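Please read the structure below before turning to the comments.
Methodologically, a virtual Cβ is constructed for each residue, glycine included, from the backbone with ideal geometry; neighbour enumeration extends over all protein chains shown. No value in this document is a laboratory result; all are computed from the given coordinates.
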Amino acid sequence: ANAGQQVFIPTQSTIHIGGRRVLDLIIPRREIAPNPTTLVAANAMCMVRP
Amino acid sequence: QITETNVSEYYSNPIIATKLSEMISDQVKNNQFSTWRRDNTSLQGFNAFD
Amino acid sequence: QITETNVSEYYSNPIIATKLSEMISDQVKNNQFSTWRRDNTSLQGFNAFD
Amino acid sequence: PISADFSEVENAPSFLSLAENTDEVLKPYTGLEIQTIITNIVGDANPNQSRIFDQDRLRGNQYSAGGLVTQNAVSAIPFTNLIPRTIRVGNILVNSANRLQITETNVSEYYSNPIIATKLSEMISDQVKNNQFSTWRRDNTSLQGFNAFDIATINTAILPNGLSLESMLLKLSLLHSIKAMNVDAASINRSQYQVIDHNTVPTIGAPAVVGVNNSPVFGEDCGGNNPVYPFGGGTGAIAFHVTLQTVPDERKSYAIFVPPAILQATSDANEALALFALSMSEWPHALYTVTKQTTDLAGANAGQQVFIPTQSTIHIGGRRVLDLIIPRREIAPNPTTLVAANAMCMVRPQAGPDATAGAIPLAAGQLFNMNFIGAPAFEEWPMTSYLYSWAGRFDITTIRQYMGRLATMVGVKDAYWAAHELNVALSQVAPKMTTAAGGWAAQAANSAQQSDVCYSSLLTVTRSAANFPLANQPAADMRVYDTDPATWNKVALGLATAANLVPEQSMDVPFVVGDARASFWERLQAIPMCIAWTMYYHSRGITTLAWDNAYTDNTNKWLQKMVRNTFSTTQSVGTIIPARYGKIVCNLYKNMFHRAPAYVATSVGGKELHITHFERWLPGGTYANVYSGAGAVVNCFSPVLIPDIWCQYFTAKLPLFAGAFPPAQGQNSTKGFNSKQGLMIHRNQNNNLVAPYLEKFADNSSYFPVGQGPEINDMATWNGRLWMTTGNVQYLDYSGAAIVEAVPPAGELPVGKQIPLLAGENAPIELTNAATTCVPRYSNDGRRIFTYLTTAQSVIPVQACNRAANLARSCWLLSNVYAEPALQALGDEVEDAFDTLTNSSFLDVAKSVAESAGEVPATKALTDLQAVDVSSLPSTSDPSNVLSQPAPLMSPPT
C-alpha cells in the first residue's frame, strides 16, 4: 500500500580505520625536464593533471 | 552504530635492498656528482635527486 | 561494382630483439639517466627518449 | 522381446539381474533401433522418397484367444509435443476450452571439469608488467577488435566452477525442435497431429506454418504485435556497445562479449548476432505457433488448426537485459566520434524483417544508433520486440552452420547431445489412459481429461490457472546448469580452458541438428525412457494414490524413503549430486537396451561423477493415472503411460514379470508358478474368494510392518497378471474388504489411445493394446491389496499354476530382431572423392589445432628478450596451474 524510497546506512561505512588527515602526493612527469618554475611549465609537465 | 580499530606498526617481514639501491648508496659514498644532476629523470617519471 | 576484404592480424613469424634494443632495456633497468637526455638525437633524425 | 513358448518366459532374467551396475562402454541411443522395425527404411533413404508421413504406427497380425487371426492390426505411437488450441468438435473445428501446459527449470551454477589459464593470458600479464616502466598509457593488450582496457579486465579473477554451456545448448535445441516443423508435410508423421485430437486429419500436400503470438484463446498472444514475456509479463532490454565504458554502472558486470569467430560467414551475420542474443536471454521470448491445414474424418470440412509446441512453453530463467559488446573492424583509437565508430564496427546491428508496435516502435530493418562516449543520449531497445522481428527468419539449415562454427571455438559434441536428451525428456508427452475391456478408447472431445498429459517419467504436466502473461511462477520440474557470462568472456577470447571445452570440427555436430527427419526421431527417443521408468515403478506394487501422498505421510517410514530417494535434492562440496535411485533406472536402461544414456560430469572436490537426466528431477508433481470410460479417475493401479507391447517388443532383454503371453501351440497355451517355486495360496474367512500363489510373507502382513514394503518377486507378479487378465478380478483387502483407492468398473484394464484408421487397417483386439503389468500391491493406508476370484472362477487358473491346465490369451504375431548399433560417432558423415584427395593434410592440421588452444607462435622465450626485467615478470614467479576445487588454497600457514 505505501511505496517509497527508504534509506539505509551500510555497516562498512561506520567502521573507523586509519584517519591520517592530510596528504601530499607526488606524480610522474611526461618529459625529461628540470623542476618547473612557471605555472604553465608545471601544468603541462605532469603525467596526469588531477 | 560505530566501530573502531587500533592500527599497529608492522615490523614483521623487514625489507631487503635491491642491487640498484645498493649501487646508489655506493655512488653517494664515493661522491659521484653526475648521477644526481639537475635535469636527470627516469622513464618512471621521477627525477634522480628524489 | 564493389569488393571488400577481411583484414586480419598477422601473428606468424614473431619478431626478435636486436642487441641494440637489448642494451637499451638494460639501461632502463639499471636506470642510466644520461642515455635519454633532452637533446640527444640519432643520425637517423629521431631523439633518444622516443 | 516377444516370447515364443512358456519355456522362454520361464527363463527370462530376474529384475535384480538387470538393475546391476554395468561397467562396459556402450553406444548412444540414436533412435534408429525403432526405425528399422516400424518402417520400410532399413538402411538409408532420402526423407523425400520415403514418405515417413505414413510410417507412424506399429503394425502386425494378431492372434485372438478364440483362435481367429486379425490381419493388419494397428497401434499408435504414444508420444507427441504439439498441443491443439482448436479442437474438432461435431465435425466442426472450434476453440479450446482448456488451459495450456507449463514447465519450469531450476537453473544454477555447479562445478564442472577443472579450469586453467592459457599461455595467451600469461603473455598479457607480462605485457602489462613490462608496460609499467614507462609513463605511457598504451594499448599493447588489444585482441580481436577489443579495447586494451577491456582485455585487461577480462583477464582478472577467474571462477573455479568451470564452464558449462548447457543452458545455451538447451535454448538452441528447443528452437531447432520448433523450426523443424517448418519442413514439408511428406516427412512429418500424421499421428503427431492427432495424439490429442483424435478427430482431425492432416493434409499431406501443404507444409505447416510456424508463426508467433497468434493464439485465439486465454490471452495466449503475448500482446500480439506488441510483445511481452509469457511468464514474467515484462519486456526486456538490449544494448550494443563498441566498448565497455558506455555500459551504465548498474550493469557493467553482466556484459557479454560477442567473439568475431562467429559472424565470419558471408551469410548474413546480423542474424547470427540475433541468435547469439536469443541463446542467452530468457526463454521463451514468445509463444511459437504451428498452424496446419486439416480436415474432418469424412474428409468433408477443411480448416487451419493452431498448435503450441511443448518446447515453446518450458521456462528457462535468465536475463531480461543484455549489453552486447561488438568487435572493432580496424584496430584504432576508441571512436570518440560516431563516424569513427560505425565505419569501424565489424557488424552494425539492425532489426529483423518485421514491424512492432507500442512504446519504442520498430519499423522493419531499423538501424540501432551506436553508443559511444559523449553521445547526446543513451539508446536501447525492448528485447522482446527485437527478438519478435527475427523470429520468422531462423531455420534448421542455418542453425546447423551456426553451431558448426560454434564447434570450432568450443567442443560442442557431447554437451549438445546431453542437451538434446534434456530436450526430449522435457518435451515429448502422452495423454492419460482410458480403462476398457477391448483394445481402444479415448476421452470425450474437448474435455479436460482429453488434454491431460504426462512426461516420459511418469509425472503429470502442470496447467496454467490464468490468462497469459502468467502473474506467478510454477514449481521447478528439473534442474539444469547455468552459463556464466564472466568465464564465457574468458573462454571465448582464449584466456581459459578445460578438458570438456577442447575445440572440435564443424563436422562433429550430431545428425539430428540438420535433418528434417528430426521430429520423428525425437518422437522415437522417448519410448525407451518410459520403458525404463515403467519397469522401475512396476517392480514394486505401490499404487498411484500412494505415490501421490508419499513424500509426507507418517503411516509408513519406508514409503517416505522410497520417494525421497528418487529426486535430486542433495549436495556436497558446492555441487549437485545425482538422485540415489535414479542410478537404478540408468542401469536398467543400459542393461535392457545395451545402449548408454548421455551424461555430464560434476566435480566433487576434483572427482568427476556422471549425472544423467534420470537423476535430476524435482518433487511436487502428481503421478500418472487412468480415467474411467465416463471420465472418473482411477487410483488403484501403479503408474502407467504406454501399452506393454512397446515395453516388450523393443527391448534386447527384459524382466520376467513383464514378458508377453506365449502363443497357443497344440496343447500348450499359458502357465503359472506354484509352491515348487516357493509360492503359496492366500485364503481368508470367506469361502468364495481365492488369491494366487504369492510370497510366503504374504501370509503374515495384512499391513506391512513400518520400515518395510513389498519386495521384488517376478513370479508372484506373473500370477497377479494371470488373475488380472481374466475378465473378472476383484481388488480387495486381506479380509476381503474394499480398499480406499478408486477402482475401475469391473473387469476393465487401462488401454492405449485411439487414432483414425487408414484403409486396410484393423483396430487392436482384446488385450493386445492394454497395459497389464501394473499390479497393485501397496495401499495408501498401508494395507496389502489382493486380487481375488470366486472359487468356480478360480479353478482353471490355479491348475494353470500347477501346470495341469492352460489359459487362453491374445498375442501379436511378431518375431524378434535387435540390431547392433547403426553408428559409432553420433554424427553422420561419408567420404566424398575430394575428402580422399585431401585427406592427410586435414588429418594433421586438425590435430595441430586441437592442441593449439590458447597457443600463439610467439613463445615466452621470444617475448622474454623484449622484456626490461625478466625476473619480475609474473609468468616467471607464477607458473600457471589448474585451479583446485571447491577453491584453490590461500594463505597457507607457511
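Can D:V480 be described as closer than 25 Å to D:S281 by Cα, under 23 Å from the mean Cα position of the chain (by Cα) and touching a residue at least 40 places away in the same chain (Cβ under 8 Å)?
Values: closer than 25 Å to D:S281 by Cα: yes; under 23 Å from the mean Cα position of the chain (by Cα): yes; touching a residue at least 40 places away in the same chain (Cβ under 8 Å): yes.
Considered against the rule, which asks whether it is closer than 25 Å to D:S281 by Cα, under 23 Å from the mean Cα position of the chain (by Cα) and touching a residue at least 40 places away in the same chain (Cβ under 8 Å), D:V480 comes out as yes.
Restricting attention to the range C:27-40, does a residue exist that is exposed (fewer than 10 other Cβ atoms within 10 Å of the Cβ) and among the hydrophobic types (A, V, I, L, M, F, W, C)?
No.
Listed residues D:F834, D:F786; which is aromatic (F, W, Y) and touching a residue at least 12 places away in the same chain (Cβ under 8 Å)? Explain how you work it out, then say what you get.
Values: D:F834 fails: touching a residue at least 12 places away in the same chain (Cβ under 8 Å).
Going through D:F834, D:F786 in turn, the sole match is D:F786.
Over 16 Å from D:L694 (Cα atoms), basic (K, R) and buried (at least 19 other Cβ atoms within 10 Å of the Cβ), is that true of D:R784?
Working: over 16 Å from D:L694 (Cα atoms): no; basic (K, R): yes; buried (at least 19 other Cβ atoms within 10 Å of the Cβ): yes.
So D:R784 does not fit the description; no.
Does any residue of the range D:59-74 turn out to be of a type in the set (S, T, N, Q), on the phi > 0 side of the Ramachandran plot and surrounded by fewer than 17 Cβ atoms within 10 Å (Cβ to Cβ)?
So in the range D:59-74, the residues of a type in the set (S, T, N, Q) come out as D:61-62, D:64, D:70-72.
Of the ones still in play, those that are also on the phi > 0 side of the Ramachandran plot are D:72.
Checking which are surrounded by fewer than 17 Cβ atoms within 10 Å (Cβ to Cβ) leaves us with D:72.
Yes, the range D:59-74 has at least one match.
For the range D:260-289, enumerate the residues that are away from every other protein chain (no Cβ under 14 Å) and either farther than 21 Å from D:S389 by Cβ or charged (D, E, K, R) (or both).
D:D268, D:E271, D:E282
Could you count how many residues in the range D:572-610 are over 23 Å from D:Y537 (Cβ atoms), hydrophobic (A, V, I, L, M, F, W, C) and touching an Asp or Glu at 6+ places or on another chain (Cβ under 8 Å)?
2
Counting residues that are closer than 30 Å to D:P207 by Cα, which helices (runs of 4 or more DSSP H) fully inside the range D:107-196 reach at least 2? Show your work before the answer.
On the way: elements: D:119-131, D:148-153, D:166-179.
Qualifying helices (runs of 4 or more DSSP H): D:166-179.
Which number in (1) over 21 Å from B:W36 (Cα atoms); (2) of a type outside the set (D, E); (3) surrounded by 10 or more Cβ atoms within 10 Å (Cβ to Cβ) marks the one condition that A:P28 misses?
(1)
How many residues does chain A hold that are without any contact (Cβ under 8 Å) to a residue 12 or more places away in the chain, over 30 Å from B:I2 (Cβ atoms) and at the interface with another protein chain (Cβ under 10 Å from one of its Cβ atoms)?
4
Only one of (1) under 24 Å from D:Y29 (Cβ atoms); (2) over 22 Å from the mean Cα position of the chain (by Cα); (3) of a type in the set (G, A, S) fails for D:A624. Which number is that?
Here D:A624 meets the rest and fails (2).
Given D:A742, D:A763, which one is under 37 Å from the mean Cα position of the chain (by Cα) and more than 30 Å from D:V42 (Cβ to Cβ)? Before the answer, list the steps.
Details: D:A763 fails: more than 30 Å from D:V42 (Cβ to Cβ).
Among D:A742, D:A763, only D:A742 is under 37 Å from the mean Cα position of the chain (by Cα) and more than 30 Å from D:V42 (Cβ to Cβ).
Among (1) within 24 Å of the chain's Cα centre (by Cα); (2) assigned to a loop (DSSP other than H, G, I, E, B), where does D:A660 come up short?
Condition not satisfied by D:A660: (1).
State which residue pairs qualify: first residue within 14 Å of chain A (Cβ to nearest Cβ) and inside the range B:29-50, second residue surrounded by fewer than 14 Cβ atoms within 10 Å (Cβ to Cβ) and not aliphatic (A, V, I, L, M) in any location, beta carbons under 6 Å apart, and separation of 6 or more residues or different chains.
B:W36/B:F49; B:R38/A:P34; B:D39/A:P34
Of the residues A:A33, A:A42, which single one is outside any loop (DSSP other than H, G, I, E, B) and closer than 30 Å to C:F49 by Cα? Break it down stepwise before answering.
Working: A:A33 fails: outside any loop (DSSP other than H, G, I, E, B).
Unique residue meeting the criteria: A:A42.
Just name the residue that is nearest to D:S506 (Cα to Cα) out of those in the range D:851-872 that are more than 12 Å from every other protein chain (Cβ to nearest Cβ) and surrounded by 13 or more Cβ atoms within 10 Å (Cβ to Cβ).
D:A853
Inspect the range C:2-18 for any residue being within 14 Å of chain D (Cβ to nearest Cβ), within 15 Å of the chain's Cα centre (by Cα), in a loop (DSSP other than H, G, I, E, B) and polar (S, T, N, Q) and give the result as yes or no.
yes
Of the conditions (1) over 30 Å from D:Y627 (Cβ atoms); (2) assigned to a strand (DSSP E or B), D:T435 satisfies every one except a single condition; which number is it?
For D:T435, the exception is condition (1).
Do the conditions hold for D:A430, that is, is it surrounded by 21 or more Cβ atoms within 10 Å (Cβ to Cβ), of a type outside the set (S, T, Y) and in contact with a helix residue (DSSP H, G or I) (Cβ under 6 Å, 6 or more places away or on another chain)?
Details: surrounded by 21 or more Cβ atoms within 10 Å (Cβ to Cβ): yes; of a type outside the set (S, T, Y): yes; in contact with a helix residue (DSSP H, G or I) (Cβ under 6 Å, 6 or more places away or on another chain): no.
Considered against the rule, which asks whether it is surrounded by 21 or more Cβ atoms within 10 Å (Cβ to Cβ), of a type outside the set (S, T, Y) and in contact with a helix residue (DSSP H, G or I) (Cβ under 6 Å, 6 or more places away or on another chain), D:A430 comes out as no.
Within the range D:820-846, how many residues turn out to be in a helix (DSSP H, G or I) and closer than 25 Å to D:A418 by Cα? Talk me through it step by step, then tell me what you get.
Narrowing the range D:820-846 to residues in a helix (DSSP H, G or I): D:833-837, D:840-846.
With closer than 25 Å to D:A418 by Cα added as a condition, the list becomes D:846.
Residues that pass the stated criteria total 1.
Out of the residues in the range D:37-85 that are among the β-branched types (V, I, T) and within 26 Å of the chain's Cα centre (by Cα), which is farthest from D:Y818 (Cα to Cα)? Show your work before the answer.
First, pick out the residues of the range D:37-85 that are among the β-branched types (V, I, T): D:37-39, D:41-42, D:52, D:69-70, D:74, D:77, D:80, D:83.
With the extra rule that they be within 26 Å of the chain's Cα centre (by Cα), the set shrinks to D:37-39, D:41, D:52, D:77, D:80, D:83.
Working: D:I37: 9, D:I38: 13, D:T39: 14, D:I41: 15, D:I52: 21, D:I77: 19, D:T80: 25, D:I83: 33 Å.
Out of the qualifying residues, it is D:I83.
The conditions are (1) assigned to a loop (DSSP other than H, G, I, E, B); (2) more than 30 Å from D:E109 (Cα to Cα); (3) hydrophobic (A, V, I, L, M, F, W, C), and D:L883 fails exactly one of them. Which is it?
(2)
Scanning the range B:19-50 for residues that are basic (K, R) and assigned to a helix (DSSP H, G or I), which turns out farthest from A:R29 (Cα to Cα)? Talk me through it step by step, then tell me what you get.
First, the residues of the range B:19-50 that are basic (K, R): B:19, B:29, B:37-38.
Then drop every residue that is not assigned to a helix (DSSP H, G or I), which leaves B:19, B:29.
On the way: B:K19: 25, B:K29: 29 Å.
Filtering first and then ranking leaves B:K29.
Somewhere in the range D:821-834, is a residue within 30 Å of D:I116 (Cβ to Cβ), more than 14 Å from every other protein chain (Cβ to nearest Cβ) and surrounded by 15 or more Cβ atoms within 10 Å (Cβ to Cβ)?
Yes, some residue in the range D:821-834 is within 30 Å of D:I116 (Cβ to Cβ), more than 14 Å from every other protein chain (Cβ to nearest Cβ) and surrounded by 15 or more Cβ atoms within 10 Å (Cβ to Cβ).
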